[PDB]
């Protein structure tokens, strides 16, 4: 129900997930620029809506969520429910395991 109770994460599995469901709109490497969505480099611990050069929705700026395992796990279940008014078009990742694997990868990849 929460990150706390979620399955352990496997970054290899998480990579598959990222590639198929997020890569279209997000970069992760420093210097890579933006896509439909902002570059996620250095995501962990940062305030939402603050990456330079990307035009965020007012909601994504106003929420000012500090991204971490906790917040990401809730967010990913249903982004539009988490930040009503966001322009990210993504239904959500329903399974606890899928979220845990994706987060494990992001931790490594966005570093």
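Positions refer to the first chain, counted from 1.
**Student:** Highest mean C-alpha temperature factor of the two stretches 78-86 and 39-47, which is it?
**Tutor:** The stretch with the larger mean CA B-factor is 78-86.
**Student:** Which is higher on mean Cα B factor in this entry, 94-102 or 7-15?
**Tutor:** Averaging CA B-factors over each stretch, the winner is 7-15.
**Student:** Rank-wise, by C-alpha B-factor, drop residue 27 into the lowest, middle or highest third of its chain.
**Tutor:** Within its chain, residue 27 is a lowest-third residue by C-alpha B-factor, going by the deposited values.
**Student:** Could you tell me which third, lowest, middle or highest, the C-alpha B-factor of residue 70 occupies within its chain?
**Tutor:** It falls in the middle third of the chain.
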